[PDB]
Amino acid sequence: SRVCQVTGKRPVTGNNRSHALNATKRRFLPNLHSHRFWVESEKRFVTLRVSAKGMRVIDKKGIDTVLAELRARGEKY
Amino acid sequence: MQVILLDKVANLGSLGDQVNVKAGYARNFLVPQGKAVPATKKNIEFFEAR
RNA sequence: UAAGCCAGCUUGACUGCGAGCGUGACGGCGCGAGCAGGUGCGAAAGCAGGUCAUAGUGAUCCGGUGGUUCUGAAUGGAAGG
RNA sequence: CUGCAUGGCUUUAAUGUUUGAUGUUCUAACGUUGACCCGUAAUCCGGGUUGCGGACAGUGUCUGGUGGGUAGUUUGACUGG
RNA sequence: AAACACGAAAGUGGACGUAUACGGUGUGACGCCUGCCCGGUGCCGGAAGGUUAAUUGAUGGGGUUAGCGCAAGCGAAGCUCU
RNA sequence: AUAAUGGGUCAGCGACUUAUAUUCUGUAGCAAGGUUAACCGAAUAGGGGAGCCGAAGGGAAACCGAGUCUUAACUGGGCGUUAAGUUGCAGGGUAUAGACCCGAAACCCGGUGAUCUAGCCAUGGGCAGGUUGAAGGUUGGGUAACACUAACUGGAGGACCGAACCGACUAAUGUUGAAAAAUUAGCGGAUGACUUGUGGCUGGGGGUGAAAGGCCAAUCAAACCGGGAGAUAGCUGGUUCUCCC
RNA sequence: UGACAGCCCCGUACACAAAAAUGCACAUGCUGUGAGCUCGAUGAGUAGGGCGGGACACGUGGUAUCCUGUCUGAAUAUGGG
RNA sequence: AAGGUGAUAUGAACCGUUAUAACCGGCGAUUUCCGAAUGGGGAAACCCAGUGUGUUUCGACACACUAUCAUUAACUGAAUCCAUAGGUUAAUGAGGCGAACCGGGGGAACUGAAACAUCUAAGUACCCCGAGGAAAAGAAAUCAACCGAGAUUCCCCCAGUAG
Ligand SMILES: [Mg+2]
Ligand SMILES: [Mg+2]
Ligand SMILES: [Mg+2]
Ligand SMILES: [Mg+2]
Ligand SMILES: [Mg+2]
Ligand SMILES: [Mg+2]
Ligand SMILES: [Mg+2]
Ligand SMILES: [Mg+2]
Ligand SMILES: [Mg+2]
Ligand SMILES: [Mg+2]
Ligand SMILES: [Mg+2]
Ligand SMILES: [Mg+2]
Ligand SMILES: [Mg+2]
Ligand SMILES: [Mg+2]
Ligand SMILES: [Mg+2]
Ligand SMILES: [Mg+2]
Ligand SMILES: [Mg+2]
Ligand SMILES: [Mg+2]
């Protein structure tokens, strides 16, 4: 599924609206990517299906923390 | 993404400076290649003691 | 008595009101002496609130503009009304 | 008339930068419906090595174009039918 | 890794085929043949120029008020509406 | 009377309701006052006046007030100042609801269907009898050798005639049938793009279609079952006891 | 109950009953759990913003406020809503 | 407890009367096969196994156990030596059903506007996931307006008012 393994971001439904405001169902879905991440603390690469932001989080908090989560939460990975 | 260096490296190499690198440059090459590391405000003290 | 023709001076094609009427299912439309302020022409009595009259037109909503101490989400303002 | 050896806090443009446009090169994200290896007697998947491609491709959000492919609808009344 | 089709996707058909192949469209064995028009609509090509989206945010104007003053008014900086 | 509708007959059932708001009439209580809501509760009491209506109007409003608004201002003018209100209970209307009852063709949602039929996939079966005589072959003739030619041989075809089998051109019969699609006499194909048993796959704006809008279970210009659901119906029908003005 | 029963029957009012198992309260045993004082600490890819939607009675409206798909991104008590 | 062996439902053969007849309640026992079905399969109620047990008639049959996922442990263990992935066993828990109420992910059209797009119907119907005895919500970055109040939830007002 199109779920960001870091943020839990998933597709959400909203509307389209024309210039005449005609509502047509639609979905916003996240900017997923799947990415080889180096951990070093395990001498290995791990591919997380990750959103940008998911990346920007990993940048900030730093991988291992994020990996504490997921494992804390049960995410396969 | 400021990070601190480790070896020489590019038009910023210095064995331990606070640069401001582009993130992709950072978290895809330098760190996985061990040529820098994030400056997590804890890291800005170990290479700010020398 | 011209409402027709010509000329002089002019801005009453004025603001606030309006007894009383006409005409419409209604929204509305029409006629009006007189009062108050200020004005024009006339020696003056006077006349003038557009044109000889009856066609020349578009509700509400939304919004623009100018004015306005009337309103202003604690209070002063401001937005908005 | 000034200089070439010698004499008691800028436009005419260019070195360090923070920053776009184009062109080359690289590999390190990303692709591989090439090859080989292991899980494994497995044309799935994953991991691994490697060649190819390479900041392109593709995807997310936003965005101009096109869009009867598909959908919802509109298409007045009088009237000697 | 074809176009193309089913499919939010994975995938599958096309094909275990590869331009003497495959899809789509029109015509319809054979014989003799298939003339003119690219202005319209469509398609193909076109690195110029004109117009043009998100984006970026220069500049101008307004609101507020520290200060200035007897008040008429001016309005620093910031924040803001535009 | 209508030859315009509806009713074969009887019996039973079958259509103006309910709730909450609001206003009017009647009636009751009290009266410049009237009344409580929830809730408490010794539970139809009693408590609870939060609140609602009324006793003041005018003006968009600030505000003023038996006045006020209009305007600089009214000789004025507009709305007000004189008549009592309010809460129950019964009724007439209206509002919101299915709002008097029955009736669509349809739209949306979730499901069930390829035991009929369309096409396709896989694996098995069928075609009495009789004709025609393609390529090729052999041998003579014939060529310089081929060509060519005669016999004989061979056994081609969405080939021929014709049963089974598959079709459905004509007619009559049948039309409350023997049959919701057949019977009889004739007819077409019959080694093929043939025909057949079993089993599989394709699903509803979807399938499949040698293409007719054909077929997808006697249903098809959007299947069937359940649901939204009492869709909506400015249309048609019907609308039940009696007497008086 | 052969028709309508306080007094025929079964009940009713009322008063009683649990060997066992259980709901509920307390009381403790066992397990797991932490209490207490001193000194500290005070929730960042967040608040806010841009783009797109959605929620708030509130349809973008002068529109506060809330949520976030997308790109961003603080102050930290002399601080912030 | 003096009468009993459920009903249609007689009959047969019985059982009981002072406490092991029946009947009622508490707790046990047994509890074929299918069904989450769980050893594999399957056209539900059937076919077939591996391994263990079992026979003074120790063959073949009968019985028990063997699904998957999760967590934890143990033992094993590639490409790659380390290490991982992978593999076996084990202990726990999950799975399916069920009226409504509840929270969450999705989410119509008829209809109303006397047509119809915005708007309405409506976050309704429906699909889905999840949970409890209730659910959710909740201990102010809340209101107020310079006076003050003091979590959440429900009822009546405020008012069909302001918008
Ligand atoms: Mg305010
Ligand atoms: Mg259409
Ligand atoms: Mg419609
Ligand atoms: Mg007409
Ligand atoms: Mg033809
Ligand atoms: Mg007759
Ligand atoms: Mg008749
Ligand atoms: Mg079939
Ligand atoms: Mg033939
Ligand atoms: Mg024949
Ligand atoms: Mg049919
Ligand atoms: Mg109906
Ligand atoms: Mg409805
Ligand atoms: Mg805090
Ligand atoms: Mg079984
Ligand atoms: Mg099984
Ligand atoms: Mg309508
Ligand atoms: Mg205080």
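Note that we place each Cβ from the backbone using ideal geometry, even for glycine, and neighbour counts take in every protein chain shown. Taken together, the values in this text are just the output of simple stated rules run on the coordinates, not laboratory data.
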Subset tally (residues that are assigned to a loop (DSSP other than H, G, I, E, B) and charged (D, E, K, R)) for the stretch A:4-40: 5
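Looking only at the stretch A:52-76, count how many residues are away from RNA strand D (no atom under 14 Å from the Cβ) and not β-branched (V, I, T). Outline the logic, then answer.
We begin by selecting, within the stretch A:52-76, every residue away from RNA strand D (no atom under 14 Å from the Cβ); these are A:57, A:60-62, A:64-75.
After this cut, where a residue has to be not β-branched (V, I, T) as well, the list is A:60-62, A:64, A:67-75.
Residues flagged as away from RNA strand D (no atom under 14 Å from the Cβ) and not β-branched (V, I, T) within the stretch A:52-76 amount to 13.
Counting just the residues of the stretch B:25-34 that are aliphatic (A, V, I, L, M) and facing another protein chain (nearest Cβ under 10 Å), which one comes out nearest to A:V46 (Cα to Cα)?
To start, the set of residues in the stretch B:25-34 that are aliphatic (A, V, I, L, M) comprises B:26, B:30-31.
Checking the rest, the ones that are also facing another protein chain (nearest Cβ under 10 Å) come to B:26, B:31.
Values: B:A26: 17, B:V31: 15 Å.
Here the residue is B:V31.
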Flag for A:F45 being in contact with a helix residue (DSSP H, G or I) (Cβ under 7 Å, 6 or more places away or on another chain) and within 12 Å of another protein chain (Cβ to nearest Cβ): no
Flag if A:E40 is more than 14 Å from chain B (Cβ to nearest Cβ), out of contact with any strand residue (DSSP E or B) (no Cβ under 6 Å at 6 or more places or on another chain) and within 24 Å of B:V37 (Cβ to Cβ): no
Residues of the stretch A:63-77 satisfying the condition of being in contact with a helix residue (DSSP H, G or I) (Cβ under 9 Å, 6 or more places away or on another chain) and charged (D, E, K, R): A:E69, A:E75, A:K76
Single condition B:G34 does not satisfy, out of (1) in contact (Cβ under 8 Å) with a residue 24 or more places away in the chain; (2) under 27 Å from A:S34 (Cα atoms); (3) in a helix (DSSP H, G or I): (3)
Residues (within 14 Å of another protein chain (Cβ to nearest Cβ) and surrounded by fewer than 15 Cβ atoms within 10 Å (Cβ to Cβ)) located in the stretch B:7-24: B:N20, B:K22, B:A23, B:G24
Tally, over the stretch A:34-77, of residues that are within 21 Å of B:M1 (Cβ to Cβ), β-branched (V, I, T) and surrounded by fewer than 17 Cβ atoms within 10 Å (Cβ to Cβ): 3
Which listed residue is under 26 Å from B:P32 (Cα atoms), within 11 Å of RNA strand D (Cβ to nearest atom) and away from chain B (no Cβ under 14 Å), from A:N16, A:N31: A:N31
